[PDB]
Amino acid sequence: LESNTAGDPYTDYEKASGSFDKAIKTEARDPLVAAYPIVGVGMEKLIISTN
Amino acid sequence: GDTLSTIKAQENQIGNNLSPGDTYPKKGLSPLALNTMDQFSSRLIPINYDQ
């Protein structure tokens, strides 16, 4: 009763078929695992310039 | 180890064409100057006293 079971931009057929972007991991091909990025930032150093 | 700046090229520094094996500016010309930091090429790239 849902065209997008996982709630992501890709329908159940596009996911199961692999007809979406080719850089999406293969676990996100089944309709119950969301194709979904988890992006975070990390600081490596901080530099101060006295005015 | 300190990244002073990361600068995306502005209108002054964009190359229109670049074919395989070519170079911008073409071979026989001089290098292009990357001397501005902001979006409209109105601010220069500064460094500290220690740098």
# chains A, B, ... in the order shown; residues from 1 in each chain; ligands from 1

$ interface_residues --of "chain A" --to "chain B" --cutoff "9 Å" --atoms "only C-alpha atoms" --output "ChimeraX atom specification"
/A:45-50

$ residues_around --residues "residue 25 (chain B)" --least-positions-apart "6" --cutoff "8 Å" --atoms "only C-alpha atoms" --output "list in words"
residues 15, 31 and 32 of chain B

$ write_last_selection --atoms "N, CA and C atoms" --output "PDB file, in the first residue's frame"
ATOM      1  N   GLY B  15      38.185  28.399 -16.273  1.00  0.00           N
ATOM      2  CA  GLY B  15      38.598  28.059 -17.619  1.00  0.00           C
ATOM      3  C   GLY B  15      37.415  27.575 -18.427  1.00  0.00           C
ATOM      4  N   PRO B  31      50.875  31.490 -16.352  1.00  0.00           N
ATOM      5  CA  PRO B  31      49.897  30.994 -15.383  1.00  0.00           C
ATOM      6  C   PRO B  31      48.905  32.073 -14.990  1.00  0.00           C
ATOM      7  N   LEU B  32      47.761  31.635 -14.494  1.00  0.00           N
ATOM      8  CA  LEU B  32      46.754  32.574 -14.042  1.00  0.00           C
ATOM      9  C   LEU B  32      46.916  32.846 -12.553  1.00  0.00           C
TER      10      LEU B  32
END

$ residues_around --residues "region 5-14 of chain A" --least-positions-apart "2" --cutoff "9 Å" --atoms "only C-alpha atoms" --output "MDAnalysis selection string"
chainID A and resid 1:3 16:20 29:36

$ residues_around --residues "residue 14 (chain B)" --least-positions-apart "3" --cutoff "12 Å" --atoms "only C-alpha atoms" --output "PyMOL selection string"
chain B and resi 8-11+17-18+24-25+32-34

$ write_last_selection --atoms "C-alpha atoms" --output "PDB file, in the first residue's frame"
ATOM      1  CA  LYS B   8      36.702  27.982  -5.137  1.00  0.00           C
ATOM      2  CA  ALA B   9      37.649  29.697  -8.382  1.00  0.00           C
ATOM      3  CA  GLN B  10      35.679  32.821  -9.262  1.00  0.00           C
ATOM      4  CA  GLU B  11      34.816  34.309 -12.659  1.00  0.00           C
ATOM      5  CA  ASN B  17      37.401  24.915 -22.322  1.00  0.00           C
ATOM      6  CA  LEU B  18      39.865  22.227 -21.290  1.00  0.00           C
ATOM      7  CA  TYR B  24      44.451  26.262 -19.111  1.00  0.00           C
ATOM      8  CA  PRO B  25      45.987  28.698 -19.811  1.00  0.00           C
ATOM      9  CA  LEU B  32      46.754  32.574 -14.042  1.00  0.00           C
ATOM     10  CA  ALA B  33      46.692  34.487 -10.769  1.00  0.00           C
ATOM     11  CA  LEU B  34      44.607  33.174  -7.876  1.00  0.00           C
TER      12      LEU B  34
END

$ atom_distance --atom1 "CA of residue 7 (chain B)" --atom2 "CA of residue 51 (chain A)"
22.4 Å

$ atom_distance --atom1 "CA of residue 13 (chain B)" --atom2 "CA of residue 42 (chain B)"
13.2 Å

$ select_by_dssp --residues "chain A" --states "alpha helix (DSSP H)" --output "PyMOL selection string"
chain A and resi 12-17

$ residues_around --residues "residue 5 (chain B)" --least-positions-apart "3" --cutoff "9 Å" --atoms "only C-alpha atoms" --output "PDB file with N, CA and C atoms, in the first residue's frame"
ATOM      1  N   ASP B   2      48.719  23.507   8.602  1.00  0.00           N
ATOM      2  CA  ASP B   2      47.628  24.461   8.676  1.00  0.00           C
ATOM      3  C   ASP B   2      47.176  24.795   7.264  1.00  0.00           C
ATOM      4  N   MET B  37      39.701  35.765  -2.476  1.00  0.00           N
ATOM      5  CA  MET B  37      39.135  34.739  -1.618  1.00  0.00           C
ATOM      6  C   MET B  37      37.618  34.686  -1.629  1.00  0.00           C
ATOM      7  N   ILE B  45      43.712  37.401  -0.153  1.00  0.00           N
ATOM      8  CA  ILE B  45      43.951  36.234   0.694  1.00  0.00           C
ATOM      9  C   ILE B  45      44.975  36.620   1.757  1.00  0.00           C
ATOM     10  N   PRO B  46      44.594  36.724   3.025  1.00  0.00           N
ATOM     11  CA  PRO B  46      45.526  37.176   4.058  1.00  0.00           C
ATOM     12  C   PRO B  46      46.228  36.036   4.786  1.00  0.00           C
TER      13      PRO B  46
END

$ atom_distance --atom1 "CA of residue 26 (chain B)" --atom2 "CA of residue 43 (chain B)"
27.0 Å

$ decode --residues "region 4-18 of chain B" --atoms "N, CA and C atoms" --output "PDB file, in the first residue's frame"
ATOM      1  N   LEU B   4      45.677  27.319   5.100  1.00  0.00           N
ATOM      2  CA  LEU B   4      45.436  28.752   5.190  1.00  0.00           C
ATOM      3  C   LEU B   4      44.077  29.114   4.617  1.00  0.00           C
ATOM      4  N   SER B   5      43.771  28.623   3.423  1.00  0.00           N
ATOM      5  CA  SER B   5      42.493  28.907   2.801  1.00  0.00           C
ATOM      6  C   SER B   5      42.149  27.780   1.849  1.00  0.00           C
ATOM      7  N   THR B   6      40.851  27.602   1.632  1.00  0.00           N
ATOM      8  CA  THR B   6      40.330  26.850   0.503  1.00  0.00           C
ATOM      9  C   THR B   6      39.475  27.794  -0.321  1.00  0.00           C
ATOM     10  N   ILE B   7      39.795  27.920  -1.602  1.00  0.00           N
ATOM     11  CA  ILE B   7      39.179  28.923  -2.452  1.00  0.00           C
ATOM     12  C   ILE B   7      38.615  28.236  -3.678  1.00  0.00           C
ATOM     13  N   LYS B   8      37.312  28.370  -3.880  1.00  0.00           N
ATOM     14  CA  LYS B   8      36.702  27.982  -5.137  1.00  0.00           C
ATOM     15  C   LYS B   8      36.896  29.091  -6.159  1.00  0.00           C
ATOM     16  N   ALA B   9      37.326  28.715  -7.358  1.00  0.00           N
ATOM     17  CA  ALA B   9      37.649  29.697  -8.382  1.00  0.00           C
ATOM     18  C   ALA B   9      36.449  30.580  -8.688  1.00  0.00           C
ATOM     19  N   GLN B  10      36.714  31.859  -8.923  1.00  0.00           N
ATOM     20  CA  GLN B  10      35.679  32.821  -9.262  1.00  0.00           C
ATOM     21  C   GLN B  10      35.698  33.067 -10.766  1.00  0.00           C
ATOM     22  N   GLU B  11      34.902  34.030 -11.232  1.00  0.00           N
ATOM     23  CA  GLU B  11      34.816  34.309 -12.659  1.00  0.00           C
ATOM     24  C   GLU B  11      36.167  34.602 -13.287  1.00  0.00           C
ATOM     25  N   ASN B  12      37.081  35.231 -12.552  1.00  0.00           N
ATOM     26  CA  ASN B  12      38.384  35.562 -13.107  1.00  0.00           C
ATOM     27  C   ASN B  12      39.247  34.334 -13.336  1.00  0.00           C
ATOM     28  N   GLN B  13      38.984  33.240 -12.626  1.00  0.00           N
ATOM     29  CA  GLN B  13      39.861  32.079 -12.617  1.00  0.00           C
ATOM     30  C   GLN B  13      39.226  30.845 -13.240  1.00  0.00           C
ATOM     31  N   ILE B  14      38.084  30.988 -13.895  1.00  0.00           N
ATOM     32  CA  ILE B  14      37.385  29.872 -14.517  1.00  0.00           C
ATOM     33  C   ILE B  14      37.940  29.657 -15.916  1.00  0.00           C
ATOM     34  N   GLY B  15      38.185  28.399 -16.273  1.00  0.00           N
ATOM     35  CA  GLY B  15      38.598  28.059 -17.619  1.00  0.00           C
ATOM     36  C   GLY B  15      37.415  27.575 -18.427  1.00  0.00           C
ATOM     37  N   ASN B  16      37.213  28.186 -19.590  1.00  0.00           N
ATOM     38  CA  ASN B  16      36.026  27.892 -20.381  1.00  0.00           C
ATOM     39  C   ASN B  16      36.094  26.513 -21.012  1.00  0.00           C
ATOM     40  N   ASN B  17      37.198  26.197 -21.673  1.00  0.00           N
ATOM     41  CA  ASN B  17      37.401  24.915 -22.322  1.00  0.00           C
ATOM     42  C   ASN B  17      38.660  24.283 -21.770  1.00  0.00           C
ATOM     43  N   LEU B  18      38.661  22.958 -21.679  1.00  0.00           N
ATOM     44  CA  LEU B  18      39.865  22.227 -21.290  1.00  0.00           C
ATOM     45  C   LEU B  18      39.750  20.825 -21.884  1.00  0.00           C
TER      46      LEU B  18
END
